[PDB]
Amino acid sequence: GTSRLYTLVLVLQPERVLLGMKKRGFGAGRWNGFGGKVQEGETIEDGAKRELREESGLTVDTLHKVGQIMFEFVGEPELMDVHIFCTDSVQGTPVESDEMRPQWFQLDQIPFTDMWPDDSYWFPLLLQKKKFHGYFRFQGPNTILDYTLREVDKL
């Protein structure tokens, strides 16, 4: 099996987190961070900044590495190698698109039942600032067949 590179960015401040409700395509109807395919000719980190800009309108100076997860969906031919990043400081207001609608959530109102089910497993790592490598195997959007999470000091 082969894998494609993706990024996912979470704008995570001391008491709130920015999410986008996907309108179309992958994860439609769920809140998620901002991300997409890494392109030829850009670093993973630059891809993460570009996707944040493209998806939300926001610009960022500094991203920090949160973790990395390999996703396997049984009905898809490629694995998804997802590099996850966070930041607490952005410039601009997020802009609604045909692809998504942005919204801030207080950290006591994170809507896990309307997010990808894997978020329930690794968000506690995210919120404690603990880096990790992970793997999730899915049958469709709702069923995790198997998963592994391993906390690390350095990615």
# chains A, B, ... in the order shown; residues from 1 in each chain; ligands from 1
call {"tool": "residues_around", "arguments": {"residues": "region 17-32 of chain A", "least_positions_apart": "2", "cutoff": "8 Å", "atoms": "only C-alpha atoms", "output": "ChimeraX atom specification"}}
result
/A:10-13,15,34,98-107,111,114-116,141
call {"tool": "select_by_dssp", "arguments": {"residues": "chain A", "states": "strand (DSSP E)", "output": "ChimeraX atom specification"}}
result
/A:3-12,16-22,31-32,34-37,64-73,79-87,100-106,132-139,143-151
call {"tool": "closest_residue", "arguments": {"among": "A:124, A:4, A:81, A:136", "to": "residue 148 (chain A)", "atoms": "only C-alpha atoms"}}
result
A:136
call {"tool": "closest_residue", "arguments": {"among": "A:78, A:54, A:119, A:146", "to": "residue 5 (chain A)", "atoms": "only C-alpha atoms"}}
result
A:78
call {"tool": "residues_around", "arguments": {"residues": "residue 9 (chain A)", "least_positions_apart": "6", "cutoff": "6 Å", "atoms": "only C-alpha atoms", "output": "PyMOL selection string"}}
result
chain A and resi 33-34+84-86
call {"tool": "residues_around", "arguments": {"residues": "residue 149 (chain A)", "least_positions_apart": "6", "cutoff": "7 Å", "atoms": "only C-alpha atoms", "output": "ChimeraX atom specification"}}
result
/A:132-135
call {"tool": "closest_residue", "arguments": {"among": "A:76, A:108, A:118, A:55", "to": "residue 93 (chain A)", "atoms": "only C-alpha atoms"}}
result
A:55
call {"tool": "select_by_dssp", "arguments": {"residues": "region 4-151 of chain A", "states": "helix (DSSP H, G or I)", "output": "ChimeraX atom specification"}}
result
/A:44-56,112-114,119-127
call {"tool": "closest_residue", "arguments": {"among": "A:66, A:95, A:143, A:90", "to": "residue 122 (chain A)", "atoms": "only C-alpha atoms"}}
result
A:66
call {"tool": "closest_residue", "arguments": {"among": "A:83, A:92, A:60, A:129", "to": "residue 38 (chain A)", "atoms": "only C-alpha atoms"}}
result
A:83
call {"tool": "closest_residue", "arguments": {"among": "A:96, A:89, A:35, A:110", "to": "residue 123 (chain A)", "atoms": "only C-alpha atoms"}}
result
A:110
call {"tool": "atom_distance", "arguments": {"atom1": "CA of residue 154 (chain A)", "atom2": "CA of residue 126 (chain A)"}}
result
14.0 Å
call {"tool": "residues_around", "arguments": {"residues": "residue 3 (chain A)", "least_positions_apart": "4", "cutoff": "12 Å", "atoms": "only C-alpha atoms", "output": "compact mmCIF listing (two decimals) with N, CA and C atoms, in the first residue's frame"}}
result
# COMPACT_ATOMS: atom_id res chain seq x y z
N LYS A 37 -4.02 18.25 0.91
CA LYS A 37 -2.88 17.53 0.35
C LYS A 37 -1.64 18.40 0.34
N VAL A 38 -0.50 17.82 0.69
CA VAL A 38 0.77 18.51 0.54
C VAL A 38 1.14 18.43 -0.95
N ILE A 69 -0.43 11.10 12.13
CA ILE A 69 -1.31 9.95 12.11
C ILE A 69 -1.38 9.37 10.70
N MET A 70 -1.24 8.06 10.58
CA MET A 70 -1.55 7.36 9.37
C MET A 70 -3.01 6.88 9.46
N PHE A 71 -3.82 7.30 8.50
CA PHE A 71 -5.19 6.81 8.37
C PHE A 71 -5.35 5.79 7.24
N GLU A 72 -6.03 4.70 7.58
CA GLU A 72 -6.39 3.70 6.59
C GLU A 72 -7.89 3.53 6.57
N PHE A 73 -8.49 3.81 5.42
CA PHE A 73 -9.89 3.56 5.17
C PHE A 73 -9.96 2.36 4.27
N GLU A 76 -10.72 2.88 0.53
CA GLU A 76 -9.90 3.82 -0.23
C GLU A 76 -8.57 3.15 -0.59
N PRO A 77 -8.04 3.47 -1.78
CA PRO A 77 -6.82 2.84 -2.23
C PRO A 77 -5.55 3.38 -1.56
N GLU A 78 -5.52 4.66 -1.17
CA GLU A 78 -4.33 5.24 -0.54
C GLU A 78 -4.51 5.43 0.97
N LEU A 79 -3.43 5.25 1.72
CA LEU A 79 -3.39 5.68 3.11
C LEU A 79 -3.20 7.20 3.13
N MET A 80 -3.63 7.82 4.23
CA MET A 80 -3.45 9.24 4.43
C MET A 80 -2.41 9.43 5.53
N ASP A 81 -1.29 10.05 5.19
CA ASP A 81 -0.23 10.37 6.13
C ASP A 81 -0.41 11.82 6.57
N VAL A 82 -1.07 12.02 7.71
CA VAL A 82 -1.50 13.33 8.12
C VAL A 82 -0.54 13.95 9.14
